[PDB]
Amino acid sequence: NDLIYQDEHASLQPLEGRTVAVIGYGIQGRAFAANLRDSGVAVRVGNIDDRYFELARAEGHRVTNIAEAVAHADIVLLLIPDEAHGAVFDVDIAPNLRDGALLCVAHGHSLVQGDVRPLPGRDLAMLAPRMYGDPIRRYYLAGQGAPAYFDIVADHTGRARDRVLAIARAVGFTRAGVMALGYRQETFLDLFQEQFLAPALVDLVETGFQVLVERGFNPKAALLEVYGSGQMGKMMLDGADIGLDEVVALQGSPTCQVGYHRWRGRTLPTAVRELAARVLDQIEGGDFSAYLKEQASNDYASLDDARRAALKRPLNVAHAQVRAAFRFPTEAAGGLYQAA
């Protein structure tokens, strides 16, 4: 059965007198560093010479190169892009990781690939959040959290489990739940969400926009209905709480509910489930891993080209027009990662 840790199952006692080195200050690193500090945990940032180094300094952290951070740390969180783990592990982390220290990754991919490996005398774990940084930080400040998966890969000390779960409690994940899941399963599951589900959801939204525009509908209205009004996202986020079919039962007019249930369970041909299986096969059999290693070349040049090209697509041209014309509800984000 499942092992799910909440606040009752974790404590900050294991972090008493210990220093955490957050390696990276990106989407995850900034959120971990901010929440650890506000939870009363001694934290240091290790970072290469880029904008994230300057940002960590601007937000009041003790910031050094990665080797120096690791050498002054009891716990090391490797929160940099996965393709970078191998070289940083070999050169900066492994030579400086104290005897009895804990190294944590936030995704299983570098463990599956053998780029991050158990070290004699040291602990190794995965603590993999199921949400990006801004919500982890916003939830933390509101007394809430996002879920995470964890795995104890190597435990020399016999104290790795409570130290990993203490980090999880300090960053807020035990407010939701931290479930035991093998790092190989986390890797394949996580990549599947990114490679099948996220693109399929955006492709469906784009398909709806294209068909409406083809059939003579107002492009601003078409863009608002398929996602830009926030209704489809609100349905999906409220659905996380109460269930997706339940949101329609509770919030839908009878007209809406009758229409929804006419086509619910009937919209997709078998080619969709077949492509999901093909994506999982690419993930499980190393084809994506090889593709990722290639794309990391000249600092992700091909990704830069794909990012720029996507902004020129009709959906994103229409998004810029709608967003300039309709005010979307936002909250001020200035100072979000400064000390609370």
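Residues carry their position along the shown sequence, with the first being 1.
Stretches 176-184 and 83-91 differ in mean CA B factor, with 83-91 having the higher one. According to the PDB record, 295-303 carries the higher mean C-alpha B-factor of the two stretches 295-303 and 59-67. Highest CA B-factor among the listed residues (108, 114, 199, 208): 114. For the set 315, 34, 27, 271, the PDB entry assigns the largest Cα B-factor to 271. Residue 163: CA B factor lies in the lowest third for its chain, per the PDB record. Residue 261: CA B factor in the middle third of modelled residues in this chain (values from the PDB entry). When the modelled residues of the chain are ordered by C-alpha B-factor, residue 144 sits in the middle third. Per the PDB record, residue ranking by Cα B-factor puts residue 22 in the lowest third of the chain.
Ranked by Cα temperature factor within the chain, residue 134 sits in the lowest third according to the deposited record.
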